[PDB]
Amino acid sequence: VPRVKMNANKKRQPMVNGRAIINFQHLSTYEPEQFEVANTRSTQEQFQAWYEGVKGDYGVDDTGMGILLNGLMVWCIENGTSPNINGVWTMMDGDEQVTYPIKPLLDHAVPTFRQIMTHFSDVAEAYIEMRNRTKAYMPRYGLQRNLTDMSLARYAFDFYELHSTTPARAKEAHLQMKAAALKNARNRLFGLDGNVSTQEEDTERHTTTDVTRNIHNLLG
RNA sequence: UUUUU
């Protein structure tokens with residue numbers, strides 16, 4: 001008495017013209033990563049374009065970017081990846097402090113800069129645990145949110161990506177800090193258009209006329 | 001979706 005193996009498909013199906021459109025053979029093997037089909041982060045083409053833009057502006061090569069990306073990621077952990085950031089971002093070269101401009105780093109991000117840094121969310125999460133083994137390390141973003149749980153330091157930056165299995169109680173904490181940080185976020189599409197209104201005067205000026213025009217139909 | 005500095 002062998003054991004039968006069950007496999008179910010079809011059932012309802014779209015059936016646009018009497019036959020199914022879904023390729024169930026391909027659907028069985030089509031199991032991509034959740035972050036590869038999410039619209040909350042930049043695509044591979046957009047991320048690749050951003051990478052070359054930073055190279056052409058800073059002038060460093062591939063090995064230089066590897067060092068810079070580590071410093072930039074740490075800076076983005078402490079300081080949020082807001083589109084309004086300006087000035088320079090700093091990294092420690094052993095003992096001295098070196099600064100790099102922020103403006104060229106924001107120009108080549110086709111989507112918002114937070115989507116670009118979302119690609120570093122998995123690496124950034126591992127960085128916090130590496131720091132939180134012998135010392136209490138809390139990112140400045142988590143300090144500004146008044147998060148009193150040091151165990152939930154893995155999730156203390158604004159470019160963190162939610163996962164199906166990685167967070168269990170951190171989902172509630174991460175969303176609460178997002179709501180607190182976005183309590184007074186204005187959303188205006190337009191504002192201060194480039195037109196200055198005013199008007200245009202098209203009238204000839206002659207010595208025989210007055211400041212504006214001649215006087216007619218006036219008696220006295 | 002964005003908006004978290």
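All values below were derived from every heavy atom in this structure, side-chain atoms included, with hydrogens, water molecules and symmetry-related copies excluded. Below, chain A is the first sequence line, B the second, and so on; all start at residue 1.
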*Determine the interplanar angle of the A:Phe120 and A:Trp50 rings, folded into 0 to 90°, and report it as parallel if under 30°, tilted if 30 to 60°, perpendicular if over 60°.*
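The arrangement is perpendicular - the two ring planes meet at more than 60°.
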*Would you check if the side chain of A:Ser121 reaches a backbone N or O of A:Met117 as a donor-acceptor pair within less than 3.5 Å?*
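Checked: no pair found.
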Hydrophobic side-chain clustering at under 4.5 Å (ILVMFWY, transitive links): who's grouped with [X]? Put none if nobody.
X: A:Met150; answer: A:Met138, A:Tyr141, A:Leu143, A:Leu147, A:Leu152, A:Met177
X: A:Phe190; answer: A:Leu189
X: A:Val37; answer: A:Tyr30

*Should A:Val98 and A:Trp75 be regarded as members of a common hydrophobic cluster, given that ILVMFWY residues are connected when their side-chain heavy atoms come within less than 4.5 Å of each other, either directly or indirectly?*
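In one cluster with A:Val98: A:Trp75, yes.
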*asked:* Is there a continuous path of hydrophobic side-chain contacts, each under 4.5 Å between heavy atoms, that joins A:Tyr127 to A:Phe35?
replied: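 A:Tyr127 does not cluster with A:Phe35.
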*asked:* Suppose we screen for side chain to side chain contact (heavy atoms under 4.5 Å, CB included). Which residues come up paired with A:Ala124, at least two apart in sequence or across chains?
replied: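 Only A:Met73, A:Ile77, A:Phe157, A:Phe159 meet the side chain to side chain contact (heavy atoms under 4.5 Å, CB included) criterion with A:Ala124.
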Rounded distance [0.5 Å steps], [atom1] in [X] versus [atom2] in [Y]:
X: A:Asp210; Y: A:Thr207; atom1: CG; atom2: OG1; answer: 11.5 Å
X: A:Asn23; Y: A:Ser28; atom1: CG; atom2: OG; answer: 8.5 Å
X: A:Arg131; Y: A:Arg133; atom1: CZ; atom2: CZ; answer: 13.0 Å
X: A:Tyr160; Y: A:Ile128; atom1: OH; atom2: CD1; answer: 12.5 Å
X: A:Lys103; Y: A:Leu106; atom1: NZ; atom2: CG; answer: 9.5 Å
X: A:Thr118; Y: A:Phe113; atom1: OG1; atom2: CZ; answer: 9.5 Å

Closest contact, heavy atoms only, [X] versus [Y]:
X: A:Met65; Y: A:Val60; answer: SD-CG2, 3.6 Å
X: A:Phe47; Y: A:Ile116; answer: CE1-O, 3.6 Å
X: A:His108; Y: A:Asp57; answer: NE2-OD2, 2.6 Å

With the side chain counted from C-beta on, respond yes when [X] and [Y] share a heavy-atom pair under 4.5 Å apart, and no when they do not.
X: A:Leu162; Y: A:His174; value: yes
X: A:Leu72; Y: A:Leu105; value: yes
X: A:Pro104; Y: A:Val54; value: no

_Residues in side-chain hydrogen bond (donor to acceptor under 3.5 Å, both in side chains) contact with A:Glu129, at least two apart in sequence or another chain_ =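 None.
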_Taking side-chain hydrogen bond (donor to acceptor under 3.5 Å, both in side chains) as the definition, give me every residue that meets it alongside A:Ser42, ordered by chain and number, with sequence neighbours left out._
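side-chain hydrogen bond (donor to acceptor under 3.5 Å, both in side chains) list for A:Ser42, sorted by chain: A:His119.
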Among pairs that include at least one residue of [range], which meet salt bridge (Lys or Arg N to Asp or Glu O under 4.0 Å), considering only residues two or more places apart or in two chains?
range: residues 62-75 of chain A; answer: A:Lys55-A:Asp62
range: residues 113-126 of chain A; answer: A:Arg114-A:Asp158, A:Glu125-A:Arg154
range: residues 17-43 of chain A; answer: A:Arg41-A:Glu161

*Residue pair A:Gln48 / A:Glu52, side-chain donor-acceptor N/O under 3.5 Å*: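 Yes, A:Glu52 and A:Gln48 have a side-chain donor paired with an acceptor closer than 3.5 Å.
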*asked:* Can you confirm whether the side chains of A:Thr43 and A:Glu45 place a donor and an acceptor under 3.5 Å from each other?
replied: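 Short answer, no.
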Table please: side-chain donor-acceptor pairs of residues 181-188 of chain A below 3.5 Å, with sequence neighbours left out.
none

*asked:* Once salt bridge (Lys or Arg N to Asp or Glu O under 4.0 Å) is applied, do any residues pair with A:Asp149, and if so which ones, sequence neighbours excluded?
replied: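 Listed in chain order: A:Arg169.
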*Counting only heavy atoms not in A:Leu69, do more than 12 fall under 6.0 Å of its CG?*
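Enclosed: over 12 neighbouring heavy atoms sit under 6.0 Å from CG of A:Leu69.
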For residues 82-93 of chain A, dump all side-chain donor-acceptor pairs below 3.5 Å to protein atoms at least two apart in sequence or in another chain.
| unit_1 | atom_1 | unit_2 | atom_2 | d |
| --- | --- | --- | --- | --- |
| A:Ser82 | OG | A:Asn84 | N | 3.3 |
| A:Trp89 | NE1 | A:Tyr58 | OH | 2.9 |

